[PDB]
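In this chain, residues are counted from 1 in sequence order. Computed over heavy atoms, backbone and side chain alike; hydrogens, waters and symmetry mates excluded.
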Amino acid sequence: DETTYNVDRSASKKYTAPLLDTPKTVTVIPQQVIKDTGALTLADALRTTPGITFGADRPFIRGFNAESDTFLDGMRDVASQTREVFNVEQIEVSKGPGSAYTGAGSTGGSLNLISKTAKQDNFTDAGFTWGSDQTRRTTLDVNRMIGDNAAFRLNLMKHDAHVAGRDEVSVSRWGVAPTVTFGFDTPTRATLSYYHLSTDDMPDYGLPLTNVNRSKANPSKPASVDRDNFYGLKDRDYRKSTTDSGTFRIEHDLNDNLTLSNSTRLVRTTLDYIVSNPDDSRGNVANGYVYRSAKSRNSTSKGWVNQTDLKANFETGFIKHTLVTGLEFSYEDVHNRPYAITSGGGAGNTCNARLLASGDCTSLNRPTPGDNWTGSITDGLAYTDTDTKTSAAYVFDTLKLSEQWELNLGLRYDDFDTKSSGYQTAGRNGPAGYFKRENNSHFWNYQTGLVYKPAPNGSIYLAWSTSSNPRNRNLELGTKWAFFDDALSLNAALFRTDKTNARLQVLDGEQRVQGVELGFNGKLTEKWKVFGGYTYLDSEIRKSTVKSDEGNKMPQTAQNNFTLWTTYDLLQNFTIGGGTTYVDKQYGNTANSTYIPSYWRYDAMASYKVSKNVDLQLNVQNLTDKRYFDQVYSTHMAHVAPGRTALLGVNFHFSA
Ligand SMILES: CCCCCCCCOCCOCCOCCOCCO
Ligand SMILES: CCCCCCCCOCCOCCOCCOCCO
Ligand SMILES: CCCCCCCCOCCOCCOCCOCCO
Ligand SMILES: CCCCCCCCOCCOCCOCCOCCO
Ligand code: NA
């Protein structure tokens, strides 16, 4: 049912077993959790499952970068789309050994964002939300059956807000997503989808890190200043993105046991921004000042991805196979020409009276984003054109050997060719001039998972995955249980992942994360639902060209992470909910010389049924107004999370 906290199967056809019998850690963040937590961004939704951090807006899973392992309906994210939540059905987070997706050389760790599709139902949902942070949000979700064999769904969203506890920072976005499906209850089914999102935000890099005598024995943390402090310029800084995506998927049953599909997606994105890096390690923070160091982008990206898959059920003697095999091809072209941004207050990286007067610099303690900035912006001379092609081939099979034993096997090949060219100015990469760069690589990935079922509702598994690139290994021992006629899932795993060239920047040695993960989701009782988990991550740089890094923690990795969301149906009329998250300290670099501290955050919810068609929902996020950081960089800065926000929604819902 639609309200479940416990989804028992992936929406991806690439899974050859239900989640209970899939030998890896996988958690689906379902629609009802997204709604009940009031999550408005993918990051808000991801925090409900443990082990996810962010670095570089790239997701890190159990301590390893997962940017190239983010998928949209199972397809490679060509041209790097921005999504929100208004068109999201659910988010699948995989951590265990192996990937069902094409990640090049990935031995595990993926996010798959599942888009809303048209249902065989008639409904209309509309939401209006007001916030203490000036949130004004309107959504519409309308779904209509067309006879017995087709349907249409349309999702619309408009959203404006300030950011609680960040001076002068605002966000705005809107989106539209129509989709149609042809062929329910027929041998051939096709879906056509379109997605558009536009954003227009004040970009915010947070607070500067200190940078005096930085070392492992004297690590840099964020400056100890008001966490409301914003170092950007209202009159200069902005971030505007557009996302346009069109998808055509068709599948055909050749018989009851064999289905062929082909999916094609075309994407265009743009990203235009100017953002202020707070001092860019230029030495002014020590003296109480911040140089608003402008960074920019002005890019257009175009992409396409095509997948062709076969899925089959068949028997070889007593063994039952569920098999999926396919090919993926993609192409992406990116053109970027950053701006040339010139100081209004003369030369140099060191704050002085001229640069304070021009708005190029400001006070560390009391920055004034309203400053009138007297610099200039033009198109820069430097530009880059980057073309990336990928190919992948894969076969996955779950072999049921008996009622108690299953073997999962997978093999994938991936290849990658990336070509960049353009013009560079004099700096890091050499003298000014034209450049051309190519890299081409391939990987074989192997996965094996043995599953024992001591009872129908239980699994014990041992799995491993390795990747070769002409010794990345991921290993996991785990158990999964389903209780109360599949209303509650409980999961536990012990794992170790080794990489030699973890990432971007590539290390030359060995990195290891090992630990334990617990997961729980579903109903404790008829009225009481839970969702969350716990992970302990022991990370280590085992070998490095920088000797002093050996033994250090991996960056972007919290040793402990606890997250719990729960709701209780107090009355037939009234539901309450609450959330608790703990994230341990994170280092920003392999030297462990930058960091942000641990924190606890608490959230609350109440929902009142006004009528059968109208709910009133209150969400209070970060109810103690804890001021914490949700990203640390290897240098320069740390990102400040929002303070307390209260959101009140009126949610209308009408069904046939
Ligand atoms: C499509 C134009 C791209 C260049 C935009 C750069 C300037 C940003 O907006 C200019 C107009 O701003 C009007 C007021 O906007 C208030 C909120 O601004 C947030 C970031 O734009
Ligand atoms: C070859 C692959 C790329 C082709 C993708 C085509 C995607 C077309 O999507 C159409 C989705 O359905 C649209 C129905 O029309 C809705 C218009 O909504 C207007 C809102 O007022
Ligand atoms: C190694 C990757 C390629 C392996 C593909 C094997 C898939 C073949 O499976 C065939 C499925 O069984 C076909 C049954 O044929 C009899 C038709 O019976 C009617 C079913 O209702
Ligand atoms: C070797 C790497 C290529 C992987 C291709 C996958 C092929 C799909 O698997 C189909 C299985 O059919 C083989 C027949 O298996 C017979 C097993 O039973 C014999 C013992 O009694
Ligand atoms: Na603006």
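- The two atoms that bring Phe435 and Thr384 nearest to each other are CZ-OG1, 3.7 Å, heavy atoms only.
- Neither side chain, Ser634 nor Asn589, offers a donor N or O lying under 3.5 Å from an acceptor on the other.
- With no hydrogens or angles considered, a side-chain donor-acceptor pair links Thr635 and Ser281 at under 3.5 Å.
- Checked against the 6.0 Å centroid threshold, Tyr434 and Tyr423 count as a close aromatic pair.
- Side-chain contact, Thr418 with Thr388: a donor N or O sits under 3.5 Å from an acceptor N or O.
- Annotation: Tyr534 is not in aromatic contact with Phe562 [ring centroid separation under 6.0 Å not met].
- The existence of a salt bridge linking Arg166 and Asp204 is confirmed by a sub-4.0 Å separation between a basic side-chain nitrogen and an acidic carboxylate oxygen.
- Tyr231 and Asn229 form a side-chain donor-acceptor contact under 3.5 Å, judged by distance and modelled atom types alone.
- Salt-bridge formation is detected for the pair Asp414/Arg412: a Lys NZ or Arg NE/NH1/NH2 atom is positioned less than 4.0 Å from an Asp or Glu carboxylate oxygen.
- To the nearest 0.5 Å, the span separating CG on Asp508 from OG1 on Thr545 amounts to 5.0 Å.
- Taking all atoms of both residues into account, the shortest heavy-atom contact from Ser80 to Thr269 is O-CG2, 4.0 Å.
- Under the 3.5 Å distance criterion, with hydrogens and angles disregarded, no donor-acceptor pair is assigned to the side chains of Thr557 and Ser539.
- With hydrogens and angles left out, the side-chain atoms of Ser420 and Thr386 include a donor and acceptor closer than 3.5 Å.
- Remark: aromatic rings of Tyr599 and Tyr628 are close, center separation under 6.0 Å.
- The two residues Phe495 and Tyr536 make their nearest non-hydrogen contact at CZ-O, 4.1 Å.
- Donor-acceptor pairing under 3.5 Å is recorded for the side chains of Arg236 and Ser276.
- Counting heavy atoms from C-beta outward, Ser94 and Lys24 have side chains that approach closer than 4.5 Å.
- Here the CG atom belonging to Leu462 is positioned 6.0 Å from the CG atom belonging to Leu475, to the nearest 0.5 angstrom.
- In this structure, the side chains of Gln514 and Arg62 stay at 4.5 Å or more apart for every pair of heavy atoms.
- Side chains of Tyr331 and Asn306: no donor on one and acceptor on the other come within 3.5 Å.
- Here NZ of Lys14 is found 10.0 Å from OG1 of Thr325. Values are rounded to the nearest 0.5 Å.
- Rounding to the nearest 0.5 angstrom, the gap separating the CZ atom in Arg58 from the CD atom in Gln556 is 11.0 Å.
- For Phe396 and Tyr394, the distance between ring centers is under 6.0 angstrom.
- Looking only at atom types and distance, the side chain of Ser421 has no donor-acceptor partner in the side chain of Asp385 under 3.5 Å away.
- Rounded to the nearest 0.5 Å, atoms CG (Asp549) and CG (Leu507) are 8.0 Å apart.
- For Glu328, the side-chain hydrogen bond (donor to acceptor under 3.5 Å, both in side chains) test picks out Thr102, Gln307, with sequence neighbours left out.
- Checked against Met202 for a side-chain contact (heavy atoms from CB on, under 4.5 Å), the options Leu233, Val171, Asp237 give a single hit: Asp237.
- Using a 3.5 Å distance cut-off with no hydrogens or angles, the side chains of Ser544 and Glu550 do not pair a donor with an acceptor.
- Using modelled atom types, one finds no donor on one side chain facing an acceptor on the other under 3.5 Å when comparing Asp584 with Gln559.
- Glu438 has a carboxylate O that lies under 4.0 Å from a charged side-chain N of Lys419, or vice versa, which qualifies the two as a salt bridge.
- If you check the side chains of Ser241 and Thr199, you find a donor sitting under 3.5 Å from an acceptor.
- Under 3.5 Å, the side chains of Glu92 and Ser10 contain a donor-acceptor pair of N or O atoms.
- Contact check on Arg627 versus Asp228 returns a salt bridge, with a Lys/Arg side-chain nitrogen under 4.0 Å from an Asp/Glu carboxylate oxygen.
- Taking a cutoff of 4.0 Å between a charged side-chain nitrogen and a carboxylate oxygen, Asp498 and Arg512 qualify as a salt bridge.
- Using a 3.5 Å distance cut-off with no hydrogens or angles, the side chains of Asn349 and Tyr291 do not pair a donor with an acceptor.
- Shortest non-hydrogen contact noted between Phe443 and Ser467 is CD2-OG, 4.1 Å.
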>> Please determine whether side-chain hydrogen bond (donor to acceptor under 3.5 Å, both in side chains) holds for the pair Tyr587 and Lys585, giving the CA-CA distance in whole Å, both sets of side-chain angles, and the decisive distance to 0.1 Å.
In response: CA-CA 7 Å; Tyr587 294 97; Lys585 167 181 26 133; 3.0 Å; yes

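- Here the CZ-CG distance, from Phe64 to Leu537, works out to 10.0 Å after rounding to the nearest 0.5 Å.
- Of all heavy-atom pairs spanning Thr581 and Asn561, the tightest one is CG2-ND2, 4.2 Å.
- A salt bridge is absent between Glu476 and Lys95; no separation between the charged side-chain nitrogens and carboxylate oxygens falls under 4.0 Å.
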